[PDB]
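Read the structure below first, then the notes.
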Amino acid sequence: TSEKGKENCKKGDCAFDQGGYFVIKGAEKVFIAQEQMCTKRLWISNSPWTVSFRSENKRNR
Amino acid sequence: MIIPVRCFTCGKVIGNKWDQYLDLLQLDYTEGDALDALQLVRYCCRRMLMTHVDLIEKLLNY
DNA sequence: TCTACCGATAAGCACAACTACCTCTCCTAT
RNA sequence: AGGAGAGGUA
DNA sequence: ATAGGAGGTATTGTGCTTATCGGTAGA
Ligand SMILES: [Zn+2]
C-alpha cells in the first residue's frame with residue numbers, strides 16, 4: 001500500500017484511514033501507548049528515604 | 001452523496017442548482033454572491049447549498 | 001525460692017470493595 | 001450452549 | 001505422558017485467629 005501508484009490507489013483502500021492497525025484474524029488491532037517511568041533519571045522516593053538507579057538492559061540496579 | 005433535493009426546510013427545489021453553483025464558484029464569485037445569483041432569499045436554501053459535500057466523486061473513483 | 005494463667009504485638013487468612021443493563025471479540029491445551 | 005476479555009447506556 | 005530460574009521489585013482494608021512474649025500473682 002505504501003508508495004503505491006495512482007491506478008493502484010483507485011482500487012482497494014477507501015482513502016479514509018492512514019493505516020495504523022494490524023490484521024490478525026480479520027479484525028483491526030491497534031496498540032495503545034503505555035506510560036512508563038523514565039529509566040535514565042535518578043529516582044528518589046520517600047518512606048523510606050532512598051535513591052535508585054534504573055537498569056537499561058541488564059539488572060544492574 | 002449527491003445534493004439533497006427539495007431542501008427539507010421550507011421545501012424548495014434546489015436539485016438543479018448545484019451545477020450552476022459550481023460554475024459560479026469557478027469564476028471570481030464569492031459564496032454569497034453565487035447564492036444571491038440563484039434567487040434565494042431565505043437562509044435555509046443557502047445553508048443547504050453551502051453545507052453540501054460532494055461525495056459521489058470518491059464513490060465513482062473508488 | 002517455682003508454677004499458672006493473662007493480657008499485649010506481629011503474622012497471616014478471609015471477604016469486600018455497587019444497581020438495571022447492552023454490544024462485540026475470543027475460547028476451548030500439546 | 002456455557003464461559004473469559006474489552007468498549008459502552010440509565 | 002511431557003513441557004510451560006528466578007528478577008528488585010513497582011491494592012488496600014477492615015475483621016479474625018493464632019502465636020509468642022514476656023509478665024506478675026499465688027504457695
Ligand atoms: Zn429553503
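Here's how to read the names in the C-alpha cells: chain A, B, ... by the order shown, residue numbers from 1 in each chain, ligand numbers from 1 in the order shown.
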### Query
Which residues sit within 6 Å of ligand 1, counting only C-alpha atoms (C1' of nucleotides) and all ligand atoms, listed as JSON, numbers by chain?
{"B": [7, 9, 10, 11, 12, 44, 45]}
Just N, CA, C and O atoms for this one: save the residues we selected as a compact mmCIF listing (two decimals), in the first residue's frame.
# COMPACT_ATOMS: atom_id res chain seq x y z
N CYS B 7 -34.80 20.46 -0.33
CA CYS B 7 -34.43 21.44 0.69
C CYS B 7 -35.35 21.33 1.91
O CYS B 7 -36.20 22.19 2.16
N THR B 9 -35.96 21.93 4.85
CA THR B 9 -36.50 23.12 5.50
C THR B 9 -37.11 24.04 4.45
O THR B 9 -36.41 24.53 3.56
N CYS B 10 -38.42 24.27 4.56
CA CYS B 10 -39.27 25.14 3.75
C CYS B 10 -39.60 24.55 2.38
O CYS B 10 -40.40 25.14 1.65
N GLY B 11 -39.03 23.40 2.00
CA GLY B 11 -39.42 22.72 0.78
C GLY B 11 -39.21 23.49 -0.50
O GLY B 11 -40.18 23.87 -1.17
N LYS B 12 -37.95 23.74 -0.86
CA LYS B 12 -37.60 24.48 -2.07
C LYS B 12 -36.83 23.58 -3.02
O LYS B 12 -35.94 22.84 -2.60
N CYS B 44 -32.34 29.18 4.64
CA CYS B 44 -32.39 27.72 4.67
C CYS B 44 -31.84 27.12 3.38
O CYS B 44 -31.03 26.19 3.41
N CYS B 45 -32.26 27.66 2.23
CA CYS B 45 -31.74 27.18 0.95
C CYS B 45 -30.25 27.47 0.82
O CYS B 45 -29.50 26.65 0.28
### Query
Counting only C-alpha atoms (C1' of nucleotides), what is within 12 Å of residue 17 of chain C, bar same-chain residues fewer than 4 positions away, as a PyMOL selection string?
chain E and resi 11-14
### Query
If you run DSSP on the backbone, which residues of chain A are alpha helix (DSSP H), as number ranges by chain?
A: 6-10
#### Entry: Surrounding residues of segment 6-10 of chain E excluding itself and chain neighbours under 2 positions, 12 Å, only C-alpha atoms (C1' of nucleotides), as a ChimeraX atom specification
/A:36-37,45,52-55,58-61
Filtering to C-alpha atoms, could you give me those residues as a PDB file, in the first residue's frame?
ATOM      1  CA  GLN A  36       6.322   4.073  31.726  1.00  0.00           C
ATOM      2  CA  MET A  37       8.721   5.574  34.242  1.00  0.00           C
ATOM      3  CA  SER A  45      11.262   8.094  46.930  1.00  0.00           C
ATOM      4  CA  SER A  52      17.591   4.220  42.978  1.00  0.00           C
ATOM      5  CA  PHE A  53      19.386   3.907  39.642  1.00  0.00           C
ATOM      6  CA  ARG A  54      17.330   2.151  36.979  1.00  0.00           C
ATOM      7  CA  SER A  55      18.639  -0.630  34.740  1.00  0.00           C
ATOM      8  CA  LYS A  58      20.830  -5.924  32.391  1.00  0.00           C
ATOM      9  CA  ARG A  59      19.637  -5.942  36.008  1.00  0.00           C
ATOM     10  CA  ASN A  60      22.314  -3.685  37.493  1.00  0.00           C
ATOM     11  CA  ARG A  61      20.002  -1.546  39.622  1.00  0.00           C
TER      12      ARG A  61
END
### Message
DSSP on the backbone, strand (DSSP E or B) only: what residues of chain A does that give? Format it as number ranges by chain.
### Response
A: 22-23, 28-29, 43-45, 50-52
### Task
Within 12 Å of residue 10 of chain C, counting only C-alpha atoms (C1' of nucleotides), which residues show up once you throw out same-chain ones fewer than 3 positions away? Write them as JSON, numbers by chain, please.
{"E": [18, 19, 20, 21]}
Output the selection as a PDB file, in the first residue's frame - N, CA and C atoms (P, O5', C5', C4', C3', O3' and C1' of nucleotides) for each residue.
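Ended up saving to again_7.pdb:
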ATOM      1  P    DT E  18      -7.679 -20.070  66.457  1.00  0.00           P
ATOM      2  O5'  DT E  18      -6.613 -19.349  67.410  1.00  0.00           O
ATOM      3  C5'  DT E  18      -5.392 -20.007  67.747  1.00  0.00           C
ATOM      4  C4'  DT E  18      -4.263 -19.536  66.847  1.00  0.00           C
ATOM      5  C3'  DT E  18      -2.914 -19.391  67.533  1.00  0.00           C
ATOM      6  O3'  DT E  18      -2.195 -20.624  67.475  1.00  0.00           O
ATOM      7  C1'  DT E  18      -3.375 -17.517  66.090  1.00  0.00           C
ATOM      8  P    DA E  19      -1.199 -21.036  68.670  1.00  0.00           P
ATOM      9  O5'  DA E  19       0.239 -21.166  67.970  1.00  0.00           O
ATOM     10  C5'  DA E  19       0.533 -20.446  66.772  1.00  0.00           C
ATOM     11  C4'  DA E  19       1.600 -19.389  67.011  1.00  0.00           C
ATOM     12  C3'  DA E  19       2.446 -19.591  68.272  1.00  0.00           C
ATOM     13  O3'  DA E  19       3.805 -19.237  68.016  1.00  0.00           O
ATOM     14  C1'  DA E  19       1.454 -17.474  68.333  1.00  0.00           C
ATOM     15  P    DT E  20       4.971 -19.676  69.034  1.00  0.00           P
ATOM     16  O5'  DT E  20       6.150 -18.632  68.746  1.00  0.00           O
ATOM     17  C5'  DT E  20       5.846 -17.278  68.414  1.00  0.00           C
ATOM     18  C4'  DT E  20       6.001 -16.365  69.621  1.00  0.00           C
ATOM     19  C3'  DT E  20       6.636 -17.016  70.856  1.00  0.00           C
ATOM     20  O3'  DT E  20       7.977 -16.491  71.132  1.00  0.00           O
ATOM     21  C1'  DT E  20       4.753 -15.653  71.422  1.00  0.00           C
ATOM     22  P    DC E  21       8.406 -14.954  70.873  1.00  0.00           P
ATOM     23  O5'  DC E  21       7.283 -14.082  71.605  1.00  0.00           O
ATOM     24  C5'  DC E  21       7.368 -12.659  71.611  1.00  0.00           C
ATOM     25  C4'  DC E  21       7.424 -12.125  73.033  1.00  0.00           C
ATOM     26  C3'  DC E  21       8.424 -12.835  73.945  1.00  0.00           C
ATOM     27  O3'  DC E  21       9.160 -11.886  74.705  1.00  0.00           O
ATOM     28  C1'  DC E  21       6.267 -12.879  74.923  1.00  0.00           C
TER      29       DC E  21
END
Applying 12 Å and only C-alpha atoms (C1' of nucleotides), which residues near residue 4 of chain D remain after dropping the ones on its own chain fewer than 5 positions away? List them as a PDB file with N, CA and C atoms (P, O5', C5', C4', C3', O3' and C1' of nucleotides), in the first residue's frame.
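In the end it all went to result-v7.pdb:
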ATOM      1  P    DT C  25     -16.882  -8.282  16.114  1.00  0.00           P
ATOM      2  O5'  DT C  25     -15.784  -8.888  17.109  1.00  0.00           O
ATOM      3  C5'  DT C  25     -14.768  -8.047  17.646  1.00  0.00           C
ATOM      4  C4'  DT C  25     -13.827  -8.838  18.536  1.00  0.00           C
ATOM      5  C3'  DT C  25     -13.401 -10.201  17.977  1.00  0.00           C
ATOM      6  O3'  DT C  25     -11.982 -10.303  17.964  1.00  0.00           O
ATOM      7  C1'  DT C  25     -14.149 -10.405  20.222  1.00  0.00           C
ATOM      8  P    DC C  26     -11.268 -11.597  17.335  1.00  0.00           P
ATOM      9  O5'  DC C  26     -11.164 -12.614  18.564  1.00  0.00           O
ATOM     10  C5'  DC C  26     -10.457 -12.241  19.740  1.00  0.00           C
ATOM     11  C4'  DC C  26     -10.459 -13.379  20.742  1.00  0.00           C
ATOM     12  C3'  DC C  26     -10.350 -14.775  20.120  1.00  0.00           C
ATOM     13  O3'  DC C  26      -9.260 -15.486  20.690  1.00  0.00           O
ATOM     14  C1'  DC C  26     -12.123 -14.689  21.694  1.00  0.00           C
ATOM     15  P    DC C  27      -9.016 -17.030  20.313  1.00  0.00           P
ATOM     16  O5'  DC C  27      -9.873 -17.835  21.402  1.00  0.00           O
ATOM     17  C5'  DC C  27      -9.818 -17.463  22.782  1.00  0.00           C
ATOM     18  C4'  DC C  27     -10.208 -18.631  23.674  1.00  0.00           C
ATOM     19  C3'  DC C  27     -10.131 -19.998  23.005  1.00  0.00           C
ATOM     20  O3'  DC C  27      -9.658 -20.952  23.925  1.00  0.00           O
ATOM     21  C1'  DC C  27     -12.314 -19.644  23.796  1.00  0.00           C
ATOM     22  P    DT C  28      -8.146 -21.486  23.826  1.00  0.00           P
ATOM     23  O5'  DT C  28      -8.125 -22.442  22.536  1.00  0.00           O
ATOM     24  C5'  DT C  28      -9.271 -23.203  22.156  1.00  0.00           C
ATOM     25  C4'  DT C  28      -9.840 -23.974  23.330  1.00  0.00           C
ATOM     26  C3'  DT C  28     -10.136 -25.429  23.040  1.00  0.00           C
ATOM     27  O3'  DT C  28      -8.980 -26.205  23.294  1.00  0.00           O
ATOM     28  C1'  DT C  28     -11.826 -24.386  24.425  1.00  0.00           C
TER      29       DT C  28
END
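One finds atom CA of residue 38 of chain B at 12.5 Å from atom CA of residue 50 of chain B.
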### Task
Show which residues sit within 8 Å of segment 12-24 of chain A, as a ChimeraX atom specification. Count only C-alpha atoms (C1' of nucleotides), and ignore same-chain residues fewer than 6 positions away.
/A:30-31 /B:62
### Task
Write out as a list in words each polymer residue whose atoms come within 9 Å of segment 18-22 of chain C, counting only C-alpha atoms (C1' of nucleotides); drop sequence neighbours fewer than 2 positions from it.
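The contact residues come out as residues 8, 9 and 10 of chain D.
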### Task
Provide the atom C1' of residue 1 of chain D to atom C1' of residue 29 of chain C distance in Å, to one decimal place.
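Computing it gives 21.0 Å between the two atoms.
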